[PDB]
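Student: Protein chains in written order, with the deposited numbering: chain C, 284 to 337; chain B, 1 to 55, 98 to 337; chain A, 1 to 55, 98 to 283. For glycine and all other residues, C-beta sits at the position ideal for the given N, C-alpha and C. Provided herewith is a single structure, encoded as structure tokens, for subsequent inquiry.
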Ligand SMILES: CCCCCCCCC/C=C\CCCCC(=O)O[C@@H](COC(=O)CCCCCC/C=C/CCCCCCCCC)COP(=O)(O)OC[C@H](O)CO
Ligand SMILES: CCCCCCCCC/C=C\CCCCCCC(=O)OC[C@@H](COP(=O)(O)OC[C@H](O)CO)OC(=O)CCCC/C=C\CCCCCCCCC
Ligand SMILES: [Zn+2]
Ligand SMILES: [Zn+2]
């Protein structure tokens with residue numbers, strides 16, 4: 284009956300399902316290492332600067 | 001020259017989208033919390049283009107040159123305003139009576155936590171709040187202990203601890219300042235806000251993990267009352283408050299509490315509309331046109 | 001033709017900002033509300049320089107055309123799906139019994155309010171909703187009437203009645219259509235939120251005015267419970283929950 288979804292409402296929703304999960308770092312790591320490599324790629328791909336201006 | 005900025009904006013948005021991308025599934029299908037610390041990487045990556053790796099139309103840059111500077115200056119103010127408040131706030135506190143301490147300890151000894159953070163009382167602000175400085179300060183009004191049989195102490199106290207544990211109040215400050223210099227890309231503000239929601243969710247988990255289920259129900263009910271009693275605040279961006287945040291629901295509650303019984307004399311609308319209209323007429327007097335007219 | 005795009009956007013934003021100043025100040029300092037109807041005039045203004053009445099670029103122009111076309115098509119699709127959702131709800135509704143009618147009568151007895159709008163019930167949804175069609179339909183859960191002591195009925199009825207009185211639902215319908223077509227100026231979409239925000243506030247003012255001071259807190263408590271104990275849905279985003 285609330286006008287629209289917001290924070291108080293979201294919190295109450297989560298209160299209904301116990302988060303009985305072992306949220307192992309395994310997953311975050313997989314993403315984090317992937318992510319980092321992509322920034323590496325971004326670098327080879329593109330850089331520039333004004334230091335060139337002889 | 002500002003071509004660099006454009007490059008910067010693009011890089012930022014790239015990583016930004018990447019994180020947002022993953023999140024959906026991780027919660028939607030697996031109910032995982034994403035450990036928010038990952039977000040610092042967006043900033044880093046976004047700024048890589050500034051490194052001199054080495055391995098007319100530009101009038102606009104003559105201008106963008108100072109847009110940067112001005113924004114920083116304004117933000118310097120914004121930031122400091124809050125910081126100064128914190129100066130003020132901190133110095134007004136006091137330590138506590140043993141009996142309260144005994145109660146407090148009874149609640150929390152179970153954790154036997156790393157007590158290198160601090161508990162103190164207040165004679166000022168209505169709701170308990172927290173911020174960092176270098177000490178991890180938890181501050182709560184005296185009315186709550188004088189009301190020794192309030193019971194809700196059981197839950198309120200723990201909540202604050204939960205913010206203390208991940209050092210939310212530390213990161214927040216740093217993050218803010220750093221972002222201020224890179225004032226150029228509004229997406230960073232999305233992030234500035236977004237991060238908050240996660241912190242609060244985690245805090246709720248934290249609490250539930252320390253109580254019964256019968257109690258869960260009770261707790262949830264107590265939160266609602268904790269929202270009810272007062273107007274909210276935005277006093278310290280460099281802090282976390284208790285009443286959740288600026289919102290529609292809250293605004294409506296505030297108004298219903300206040301008297302609201304009067305008509306404004308009709309002219310106000312009669313004229314505001316006339317006014318608006320004449321001006322658009324004027325706008326038109328000079329401005330109109332479309333390509334079909336171009337024989 | 002880029003020029004026309006630009007003009008339309010600019011014109012709209014000009015007035016838009018003007019209006020915002022007024023509302024803020026007027027409420028902030030003198031405690032008054034403005035009747036939201038004025039907002040239609042922003043759409044109008046935005047389309048004046050637009051009509052062909054005077055009283098490199100090639101690429102830019104070509105693409106702009108294409109985007110306009112697609113935006114309208116997809117928003118319409120979204121809108122239409124919702125529209126039949128509404129059809130569904132109507133089909134499934136039913137009238138109430140005599141005593142239930144008698145309860146309504148009591149609540150509205152001294153109100154003697156216009157009866158050219160309709161009150162009906164269904165088991166389909168956990169909380170009441172309303173919509174327009176042309177008949178002003180108020181729908182409540184069929185599970186509520188039997189509760190001899192809910193003391194919700196009183197408040198729920200006035201709340202909705204009040205919404206019905208101002209024909210707010212109609213305005214949203216048409217209003218949305220115009221933004222469906224003029225899909226590109228983000229400001230045009232944004233104003234929708236403002237309309238809703240106030241529409242509900244105003245409704246509350248109405249209700250409070252019809253109840254005892256001693257129960258003001260009662261009303262408020264129910265408002266909270268109405269949220270606390272329920273899941274959220276927005277299938278009909280064109281309607282009020
Ligand atoms: C600049 C704005 C300033 C105003 C802010 C002031 C207001 C401050 C706002 C702060 C509070 C947040 C309120 C929440 C509102 C909201 O809808 O924003 C949500 C993001 O939605 C988007 O994906 C869209 C968000 C982006 C907004 C624009 C909409 C368009 C999106 C399409 C972009 C995708 C295309 C990619 C290419 C981008 C390159 C340009 C919030 O994220 P989350 O809660 O994690 O949801 C998870 C979701 O289930 C997971 O699905
Ligand atoms: C891209 C070109 C744009 C050209 C225009 C120049 C501006 C560019 C700079 C952009 C960022 C500035 C951010 C400030 C926004 C101005 C609004 C502004 O001044 O509004 C501020 C606030 C609060 O309104 P208030 O003053 O209390 O009066 C409300 C009154 O009762 C009733 O009135 O809006 C919200 O936070 C509610 C937003 C709800 C809408 C839904 C979500 C999307 C977020 C809205 C944001 C929408 C996103 C913005 C997109 C235009
Ligand atoms: Zn918190
Ligand atoms: Zn309503």
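Compare the C-beta of residue 58 of chain A against all C-beta atoms of chain B and say whether one is closer than 9 Å.
Tutor: In the model as presented, chain A runs from 55 straight to 98, which leaves residue 58 of chain A without coordinates.
Student: Output, in sequence order along the chain, the residues in the stretch 229-256 of chain A whose CB is closer than 8 Å to any CB in chain B.
Tutor: Contacts with chain B (Cβ-Cβ distance below 8 Å) from the stretch 229-256 of chain A involve 239, 242, 243, 246, 247, 250 and 251, listed in chain order.
Student: Any residue with its Cβ nearer than 5 Å to a heavy atom of ligand 1 should be included. What is that list in chain order?
Tutor: B/13, B/24, B/228 and B/235
Student: Can you check whether the C-beta of residue 183 of chain A is within less than 9 Å of a C-beta belonging to chain C?
Tutor: Looking up residue 183 of chain A in the third chain gives position 141. Not an interface residue.
Student: Can you grab the Cα-Cα spacing for the pair residue 171 of chain A / residue 265 of chain B, in whole Å?
Tutor: Here the question's residue 171 of chain A lines up with position 129 in the third chain. Here the question's residue 265 of chain B lines up with position 223 in the second chain. Rounded to whole angstroms, residue 171 of chain A to residue 265 of chain B spans 27 Å at the Cα level.
Student: Check whether chain B comes within 9 Å of residue 320 of chain C, counting only Cβ atoms and requiring the distance to be less than that.
Tutor: Indexing the first chain from 1 puts residue 320 of chain C at position 37. Output row for residue 320 of chain C: interface = no.
Student: Buried or exposed: residue 276 of chain A, going by 16 or more other Cβ atoms within 10 Å of its Cβ?
Tutor: For the purposes of this step, residue 276 of chain A is taken as the residue at position 234 of the third chain. Residue 276 of chain A comes out exposed.
Student: Per the contact definition of three or more C-beta pairs closer than 8 Å, is the stretch 178-186 of chain A in contact with the stretch 139-155 of chain A?
Tutor: Taking 8 Å as the limit for Cβ pairs, the verdict is that the stretch 178-186 of chain A does not touch the stretch 139-155 of chain A.
Student: Here's the rule I'm using: 16 or more other beta-carbon atoms within 10 Å means buried, otherwise exposed. How should residue 305 of chain B be labelled?
Tutor: In the second chain, residue 305 of chain B corresponds to position 263, counting from 1. So residue 305 of chain B counts as exposed.
Student: Quick check on this structure: which residue in A/9, A/1, A/3 and A/4 has the alpha carbon closest to the alpha carbon of residue 221 of chain A?
Tutor: The count along the third chain starts at 1 and reaches residue 221 of chain A at position 179. Closest option to residue 221 of chain A, Cα to Cα, is A/9.
Student: What residues in the stretch 283-315 of chain B bring their beta carbon closer than 9 Å to a beta carbon of chain C?
Tutor: 286, 287, 289, 290, 291, 292 and 294
Student: Find the residues of chain C that neighbour residue 25 of chain B, judging by a C-beta separation of less than 9 Å, and give them in chain order.
Tutor: Here residue 25 of chain B refers to the residue found at position 25 of the second chain. Going along chain C, no residue has its Cβ under 9 Å from residue 25 of chain B, so there is no contact; the nearest lies around 11 Å.
Student: Considering only residues of the same chain and omitting the five flanking positions on each side of residue 124 of chain A, which have a CB-CB separation below 8 Å?
Tutor: Position 82 of the third chain, counted from the first residue, corresponds to residue 124 of chain A. 277, 278, 279 and 280.
Student: Indicate whether at least one CB of chain C lies closer than 9 Å to the CB of residue 32 of chain B.
Tutor: Indexing the second chain from 1 puts residue 32 of chain B at position 32. Output row for residue 32 of chain B: interface = yes.
Student: By the criterion of Cβ-Cβ separation under 8 Å, what are the contact partners of residue 170 of chain A in chain B?
Tutor: Walking along the third chain from the start, residue 170 of chain A turns up at place 128. Here the premise fails: no neighbours, minimum Cβ distance about 17 Å.
Student: Decide if residue 259 of chain B is buried, meaning its Cβ has at least 16 other Cβ atoms within 10 Å, or exposed.
Tutor: Position 217 of the second chain, counting from 1, holds the residue named residue 259 of chain B. Burial call: exposed.
Student: Who are the near neighbours of residue 165 of chain B in its chain, counting only those whose CB is closer than 8 Å to its CB and skipping five residues on each side?
Tutor: The residue labelled residue 165 of chain B in the question sits at position 123 within the second chain. Excluding residues within five positions, the ones whose Cβ falls inside 8 Å are 134, 136, 183 and 184.
Student: Is the beta carbon of residue 131 of chain A closer than 9 Å to that of residue 181 of chain A?
Tutor: Working through the third chain from its first residue, we reach residue 181 of chain A at position 139. Working through the third chain from its first residue, we reach residue 131 of chain A at position 89. Cβ distance < 9 Å, so residue 181 of chain A and residue 131 of chain A count as in contact.
Student: Name, going along the chain, the residues of the stretch 36-47 of chain A whose beta-carbon falls closer than 7 Å to a beta-carbon of chain B.
Tutor: Answer set for the stretch 36-47 of chain A: 38, 41 and 45.
Student: Give the list of continuous alpha helix (DSSP H) stretches no shorter than 4 residues that lie fully inside the stretch 183-255 of chain A.
Tutor: 195-207, 210-223 and 228-251
Student: Could you check if residue 284 of chain B belongs to the surroundings of ligand 3, using beta carbon to heavy atom distance under 8 Å?
Tutor: Residue 284 of chain B sits at position 242 when you count from the first residue of the second chain. It does: the Cβ of residue 284 of chain B is within 8 Å (strictly closer) of some heavy atom of ligand 3.
Student: If you run the structure through DSSP and keep just helix, strand and coil, what is residue 328 of chain B?
Tutor: As a first step, residue 328 of chain B is located in the second chain; it is residue number 286 there, counting from the start. Note: residue 328 of chain B maps to helix in three-state DSSP.
Student: For the 8 Å Cβ check, are there 3 or more pairs between the stretch 110-123 of chain B and the stretch 13-24 of chain B?
Tutor: As far as the Cβ criterion goes, the stretch 110-123 of chain B does not touch the stretch 13-24 of chain B, which means the pair count is below three.
Student: From this set, B/45, B/150 and B/39, which residue's C-alpha is nearest residue 320 of chain C's C-alpha?
Tutor: Translated into positions along the first chain, residue 320 of chain C becomes position 37. If you compare the alpha carbons of B/45, B/150 and B/39 with that of residue 320 of chain C, the shortest gap goes to B/45.
Student: Helix, strand or coil for residue 163 of chain A, going by three-state DSSP, please let me know.
Tutor: For this step, residue 163 of chain A is matched to residue 121 along the third chain. In this structure, residue 163 of chain A counts as strand in the three-state DSSP scheme.
Student: Out of A/256, A/5 and A/15, which one is the CA nearest neighbour of residue 323 of chain B?
Tutor: Here residue 323 of chain B refers to the residue found at position 281 when the second chain is read from its first residue. Selected option, being the one with the closest Cα: A/15.
Student: Within the same chain, show all residues whose beta-carbon is closer than 7 Å to that of residue 174 of chain A, passing over the 5 residues directly before and after it, in chain order.
Tutor: Residue numbering aside, residue 174 of chain A sits at position 132 when the third chain is read from its first letter. So the list reads 211, 212 and 215, once near-sequence residues are dropped.
Student: Helix, strand or coil: which one does DSSP assign to residue 16 of chain B?
Tutor: If you number the second chain from 1, residue 16 of chain B lands on position 16. Helix, per DSSP.
Student: On the premise that residue 145 of chain A lies in contact with residue 195 of chain A, defined as a C-beta separation below 8 Å, what is that separation, rounded to the nearest angstrom?
Tutor: On the third chain, position 153 is the one that residue 195 of chain A refers to. On the third chain, position 103 is the one that residue 145 of chain A refers to. With 8 Å as the limit, residue 195 of chain A and residue 145 of chain A qualify as a contact, their Cβ atoms being about 7 Å apart.
Student: How do the stretch 286-305 of chain B and the stretch 287-305 of chain C stand: do at least 3 beta-carbon pairs fall below 8 Å, yes or no?
Tutor: yes
Student: Let's test the definition: count the other Cβ atoms within 10 Å of the Cβ of residue 17 of chain B and tell me whether it reaches 16, buried, or not, exposed.
Tutor: Here the question's residue 17 of chain B lines up with position 17 in the second chain. Answer is exposed; the Cβ neighbour count stays below 16.
Student: Along chain B, in chain order, which residues have C-beta atoms closer than 9 Å to that of residue 7 of chain A?
Tutor: As a working note, residue 7 of chain A is residue 7 in the third chain. Neighbours of residue 7 of chain A on chain B, chain order: 329, 330, 331 and 332.
Student: What is the DSSP secondary structure of residue 181 of chain B, reduced to helix, strand or coil?
Tutor: Translated into the one-based positions of the second chain, residue 181 of chain B becomes position 139. Strand at residue 181 of chain B.
Student: Give a single yes or no on whether residue 245 of chain A has its beta carbon closer than 8 Å to a heavy atom of ligand 4.
Tutor: Locating residue 245 of chain A in the third chain gives position 203, where the first residue counts as 1. Yes, the Cβ of residue 245 of chain A comes within 8 Å of a heavy atom of ligand 4.
Student: With which residues is residue 136 of chain A paired in a DSSP beta bridge?
Tutor: Mapped onto the third chain, residue 136 of chain A falls at position 94. For residue 136 of chain A, which the question treats as bridged, DSSP gives the partners A/163.
Student: Is the stretch 100-115 of chain A close to the stretch 239-254 of chain A, with three or more CB pairs under 8 Å?
Tutor: no
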